[PDB]
């Protein structure tokens, strides 16, 4: 045309593909999506479908599902299931092969999508900017490589995601990150997860279920407690449940130096001086916005210090026809948020239905064993926003577990309210099914539920979630930031 394409998307991931397909399918726009690869795995790891499909949500969940069988096969003994317990063994190679066929199945569906959505096209290569109206598809991330394509477009959407952060330390190249974790051929007998975030804890559980019999999994983390940013009672009890299933949680610990040993194992010396030896050292310390090879200065797009592309409520940049979504904008790095921003962008730009994504009261899960589901503010946050805050709590060991022998499995729910009017500002739980229970709780929190709304619903019995409906009396309060006990 007077512009060959309507939109060029860089990144065929969660947001990118939502954006790309609705603009084409619903609005009949000519959309080009660029990505580095068509199927998961090395060298790029992510591919069509993004990080979540390929080296993220979907494979980690199957791998956590697989890991959960260590506890359910142990637990069947208390309900009468007799089996030769000595014969039980995990097979990591069997897991990675089924995960690999599941993930490649998805990859093949996306190809089909493009095949029958007129106006939608996959362009493979490294996307980079020439100016706000020309996108280059290059052979490599290097600015000097052969340009394969030069796409002239009206609108540019940048949806390139995140990448694993590294440690500055000597030996970093002898460490893997979650990307490689998915493709290991043998499960580590001893593994060090470093970081205290959800990817670290989730991977500590997987390695723990699949390790060989004298194995050990350590999780090292700089802070005082893992999962900073979560409810602190929940973070204390998940540390105890983790410990109870054998992960050695070593807080205030950080790698100093990693050295290759003769046999292959790595030798970590910790900043404390402490040193040990592991098959695998996996760094899960952070995820950084992946903006650096796009040549954003060619179009003049502004980025933050950490690389986040700065965007307004509507995801637009400081260049009027360039928008950005997902992890590269560094707001809430979760797939369903990337998708939502993906959809709000097409309503705004092509459907003149201007929406901004609401990044408040976004629920999320940690698929540790046992998992967590969390939504809204933590009481220390609430205590510096509200005047009168009430904290309701409840703790119990599912009766099941007095029969299965994992008596350490306390289900726990913490509700944080604004005590002036009873509106629920946060709901935090630890225990099985909590990922599933919290979905619909977020529906209540977006509606503006009060604690009355919760204790007046008749419970479904016998369930864990019926605790939600039984917390009538506050456990303690915060009169103006200070933990009070009567308000």
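Positions refer to the first chain, counted from 1.
Asks: Using only C-alpha atoms and the B-factors in the entry, which stretch averages higher, 439-447 or 458-466?
Replies: Per the deposited B-factors, the answer is 439-447.
Asks: Can you tell me which stretch has the higher mean Cα B-factor, 71-79 or 413-421?
Replies: Stretch with the greater average CA B-factor: 413-421.
Asks: Out of 356, 193, 374, 113, which residue has the highest Cα temperature factor in the PDB record?
Replies: In the PDB entry, the greatest C-alpha B-factor among 356, 193, 374, 113 is found at 113.
Asks: Just to confirm, going by the entry's C-alpha B-factors, which of 332, 204, 226, 403 comes out highest?
Replies: Reading the PDB entry, the winner on C-alpha B-factor is 332.
Asks: Hey, what third does residue 93 fall into on Cα B-factor, ranked over its chain?
Replies: CA B-factor rank for residue 93: lowest third.
Asks: Would you mind checking where the Cα B-factor of residue 199 ranks among the modelled residues of its chain, as the lowest, middle or highest third?
Replies: Lowest third of the chain for residue 199's C-alpha B-factor.
Asks: State the tercile, meaning the lowest, middle or highest third, of residue 222 with respect to the CA B-factors recorded for its chain.
Replies: Within its chain, residue 222 is a highest-third residue by C-alpha B-factor, going by the deposited values.
Asks: What third of its chain's C-alpha B-factors does residue 280 belong to: lowest, middle or highest?
Replies: Tercile = middle for this residue's CA B-factor.
Asks: What third of its chain, lowest, middle or highest, does the C-alpha temperature factor of residue 9 fall into?
Replies: Lowest third - that is where residue 9 ends up once the chain's C-alpha B-factors are sorted.
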